[PDB]
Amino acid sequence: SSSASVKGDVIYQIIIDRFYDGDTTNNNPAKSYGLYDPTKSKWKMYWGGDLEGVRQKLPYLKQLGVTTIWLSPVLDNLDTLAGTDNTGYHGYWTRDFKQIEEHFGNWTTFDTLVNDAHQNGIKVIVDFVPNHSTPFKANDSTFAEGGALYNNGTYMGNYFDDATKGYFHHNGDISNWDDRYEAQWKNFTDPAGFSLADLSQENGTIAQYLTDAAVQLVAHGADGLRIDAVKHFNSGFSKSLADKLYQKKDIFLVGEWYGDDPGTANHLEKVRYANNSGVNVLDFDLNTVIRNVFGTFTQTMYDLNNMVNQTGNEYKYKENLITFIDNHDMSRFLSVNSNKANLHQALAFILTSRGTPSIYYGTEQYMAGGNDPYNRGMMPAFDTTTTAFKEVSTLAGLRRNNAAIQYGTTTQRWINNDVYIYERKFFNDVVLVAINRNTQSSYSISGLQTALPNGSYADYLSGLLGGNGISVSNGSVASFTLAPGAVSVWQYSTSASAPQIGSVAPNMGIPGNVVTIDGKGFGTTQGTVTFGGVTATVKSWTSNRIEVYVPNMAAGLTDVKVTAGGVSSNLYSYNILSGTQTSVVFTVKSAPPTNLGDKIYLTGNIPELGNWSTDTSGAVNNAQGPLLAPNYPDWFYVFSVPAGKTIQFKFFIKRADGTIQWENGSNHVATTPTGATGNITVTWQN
């Protein structure tokens, strides 16, 4: 379906309470009375925006070029205050994952918005928050709701009556946010003075409950999810949850793994997550550099090009990275740099670069505001004539119609501290983009080379951002002047004469799942699709999109190939799992003494456990880990493995110097759980 890939889309991120109040009758419901501020002066109270308000503004969003709305969390949040004028208006403090937040509407309202968005050719992804319930104080159960969790109105439990249930972790507050055990098993804290009750995704009831809630959003039409705080709950559950969701529909998943930029201690773990979990990630690596190049001017175009190259080398599916200049957890771009030309440049960069851009609501209306909560002001106007509105609409159309933006390579063609001219190319489709961040200097551009075919090209933006026309002859662009602060875009597109795969999505699944191949040159007459040479049953076939069912074949990463008119396409990988997954805590007791830098990994006889690999790089299906060791000399971590299967595995130490020390003896043998979760505990064999 069109849900699988968002490569041709523009994502628009909406903080529901702050966008549009389409129904004033749900502003202050009796269920959660007293959390509404009609004056819009108490920044952490509900201001009244809702799901019906988003639906009423569909015409505006369509005209802007939005093709996927990312809705902030829609499920029932805390019904009380959490300290002075502080509420769950933002949606991240969930008390009931089965019900829509009453300030925003009900399930009918959600269904109506999603149905009307789809009628307007717009998809809806929902922000889903599995890490925690709501604010609590460990020493006082009367604060807020004490972390209470309900199942469609039926009480389940809170932080205080959990002794015999184990729905929450009880390990104290996070202190070191970079320590991986603390970040995942300790409580998320808020500087106001409270913690968020940390759900135990290793508890079978909670794992199935969260799975059911996510599946319910997809049953109601959602085209995918933005999964909150994926660095804060085990990554086995991310992969197992993604499995369940892809069995339901070929939706799109992206996870928020905040920060951990290149060169940092936890960076490789984030890259491995993006490459193996089945969940793509928000592009924080590029975000940092975008803000320093166009915002603070502390980095240059060389740094921006370097980060495009670095992310291009590390992320297997870099075209699934979701890019952004700002968001609801950082100051708005215009508060970093009030120059609107620099904002237009940053927007053009993400609109034409690899991956899919997410534009924070109101950027195009020139909203400004410092960090949370001042970056969550009310959408001020719906003016369709702003320069930014026009720019986004125009470039969104280019991204929908030119395959180079969706799937292309990226090649630097001209660079200095202020100017970046880069080229996207997908077979015969080419887009050359020039960006000059300096708003006071023009640059003479000579020696520019290109893959564009011969001819004269007008700026695709029609000079909106100071662009100019160019003349191309035999790969050379005639010398021209790039105006101060300008953005100029030159493009070429044509029909394909052979099958060209731009995307296969989702990137993981089991036999029988629907998978979508997006590209060009497939023809109108049905041809064939193979996975590792195995013919797949075709669900639908068009010139640019093929839907297939994953064949009942052996598990592992395999290559998808389209054959049309006897000619075969380029190959695109897809990870076939060994069956429906379960998320299992693997513990190895009494391992050998280790030194700083030494880490233990798990490996075994199925692709989920790396097929006996000892490789620990960003590759797909290699050794699993590393394990953590809060209970040293015992080590543990949580992994997604096929449910109800007998597996063989061993652990190994990867010393700081790269040396490998295997457990001795015979392989450990175990049968995995049939439910959502379970535990496999063994003793290290010396």
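One rule holds for the numbers: they count along the sequence shown, beginning at 1.
ask   = In the PDB record, does 312-320 or 538-546 carry the higher mean Cα temperature factor?
value = The recorded data point to 538-546.
message = When the Cα temperature factors in the entry are averaged, is it 258-266 or 225-233 that ends up higher?
response = Stretch with the greater average CA B-factor: 258-266.
query = In the PDB entry, which of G509, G105, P73, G610 has its C-alpha at the highest B-factor?
reply = That would be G105.
inquiry  = In terms of recorded Cα temperature factor, pick the maximum from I421, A348, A478, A274.
reply    = By C-alpha B-factor in the record, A478 ranks first.
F522, C-alpha B-factor rank within chain (lowest, middle or highest third) = Tercile = highest for this residue's CA B-factor.
inquiry  = For the chain shown, is the CA B-factor of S335 in the lowest, middle or highest third of its modelled residues?
reply    = Answer is middle: the recorded C-alpha B-factor places it there.
task = Would you mind checking where the Cα B-factor of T677 ranks among the modelled residues of its chain, as the lowest, middle or highest third?
result = For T677, whose C-alpha B-factor we compare with every modelled residue in the chain, the answer is the middle third.
query = Compared with the other modelled residues in the chain, in which third is the CA B-factor of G193?
reply = Answer is highest: the recorded C-alpha B-factor places it there.
message = For the chain shown, is the CA B-factor of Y20 in the lowest, middle or highest third of its modelled residues?
response = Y20: CA B-factor falls in the middle third of its chain.
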